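Coming up is one lone chain in structure tokens, specifically the form deposited in one PDB entry.
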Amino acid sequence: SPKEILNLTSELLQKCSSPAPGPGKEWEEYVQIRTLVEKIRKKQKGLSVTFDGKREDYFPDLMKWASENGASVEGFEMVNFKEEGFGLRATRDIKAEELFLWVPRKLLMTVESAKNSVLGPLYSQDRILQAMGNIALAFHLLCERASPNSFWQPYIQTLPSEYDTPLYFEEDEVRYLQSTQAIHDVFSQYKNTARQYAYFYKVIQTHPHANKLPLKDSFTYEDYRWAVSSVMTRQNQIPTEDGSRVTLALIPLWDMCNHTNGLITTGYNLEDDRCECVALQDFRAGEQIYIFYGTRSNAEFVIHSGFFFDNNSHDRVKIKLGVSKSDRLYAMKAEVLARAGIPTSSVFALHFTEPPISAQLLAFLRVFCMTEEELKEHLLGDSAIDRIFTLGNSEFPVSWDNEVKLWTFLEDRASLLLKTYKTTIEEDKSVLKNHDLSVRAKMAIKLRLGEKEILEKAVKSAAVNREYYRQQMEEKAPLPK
């Protein structure tokens, strides 16, 4: 039994350490790794540490523990909402901009507190823990979870026991994501998590510095999946106590807030050394208290936060572009891009906005479509630097011809990207309307639908811009300057 798991993890480690098999076999590799992980999971006993009470049975201890250490505990209560899970609900009227939530640093779990814990000796030895603060947080969480007298037990006992990150998806739920951009990040997350589990399983067994860890006695795959999912769905970047650099931290109590659209209203107060949150909007008594997590895409929300946000105003897809080495004007284009601070090839973003492209992508596309004569004007003479300076400004085109070319290219490229999907937008909408699906299945289908809808809007916006600049060209309008 004990030698069997070591065999499987060794088999899992070589499998997940192997290089990518090419993109055409990435699904087969994913299923192969899934098969090994489930075999290990069926031979283990789930979470090493489980608690007798329900999740809500421990929230009063969280409040008492946070109150003794200087945190705000009045004006809100914990409620199990259907849509978002557990969250905060106001018990009094809270006005927008009111400072209603604060958490002193003493309560936080940080990379620094991980270094000072029982994990300290192993942390001082393992290059992965030293380089990856998020993984160190995950093991800090696991070691304190298995320590009954831990200072952070009131926080750990109120954490979720499961998440909706793709690590928890069924095979057929991930299968909805075939042919999308997002599935490659799902592949990487699964392979990384499996490789990390097998690596640290062997490290804990071979390193004498790990002999005092509770994980030396029990460390299951379920433990690791839970720990990394807890960190990825809740971790935060804060300044060190010195204020000279940044670190990663879990912030109890405040991280129970669920997400809505708006602005970030949570910041660190270094003078008083505590996290502070002001109300994003008015919250009447009985209304859920929301915060704005950040300007993340729905792909990021699904993969790293475990939920899909309808009406995400910051949604985007990726588009990879680069100047071809077979372009006769490669050297000139690469130099103009270098002088503008833009790489010759990169992954850009297409936004669900008008225009769908940033200033950096606009600048790239302009250089991408420049003639030799236009390139020389951005490389030579007393006006070249001024021309570089306006490259990302929609109000100052290189020429009407350059604009028509770049919007034609983007229209063609976004149209071609749409042709690489296994389903159409209308088919996805029919699936959502006519099938009865799990939460995780709809996250996947809405993800693949959102990718095509962003590309479809980008096609329409580029076609409209092509016609605008074509009109300027045929009317011989003076260039703005």
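In this text, rigid core is short for the largest set of C-alphas that superpose within 1.5 Å between two forms. Residue indices: 1-based, along the sequence shown.
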Within the set of other compared PDB entries, does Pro23 lack a model in a third or more?
yes
Using only C-alpha atoms and the B-factors in the entry, which stretch averages higher, 265-273 or 364-372?
265-273
If you average the Cα B factors in the entry, which is higher, 159-167 or 346-354?
346-354
Name the one of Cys257, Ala194, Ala131, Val278 with the greatest CA B-factor according to the PDB entry.
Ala131
Checking the entry, which one of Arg296, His378, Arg89, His209 has the top C-alpha B factor?
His209
Taking the values exactly as deposited, rank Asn434 by C-alpha B-factor within its chain and report the matching third: lowest, middle or highest.
highest
Quick one: classify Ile40 as lowest, middle or highest third of the chain based on its Cα B-factor.
highest
Where the record places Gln472 (Cα B-factor, split into thirds across the chain):
highest
Ranking the modelled residues of this chain by C-alpha B-factor as given in the entry, is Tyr199 in the lowest, middle or highest third?
middle
What third of the chain, by the recorded C-alpha B-factor, contains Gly53?
highest
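Another form, the form deposited in another entry, is not on view; read the next lines as being about it.
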Just one of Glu287, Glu335, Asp273, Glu276 has a C-alpha that shifts by 2 Å or more between this form and the one not shown on a rigid core fit; which is it?
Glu335
When the rigid core is used for the superposition, does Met78 move between this form and the one not shown (threshold: C-alpha shift of 2 Å or more)?
no
So, does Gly381 move by 2 Å or more at the CA between this form and the one not shown, with the core held fixed?
yes
Large Cα move at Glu372 between this form and the one not shown, threshold 2 Å, rigid core
yes
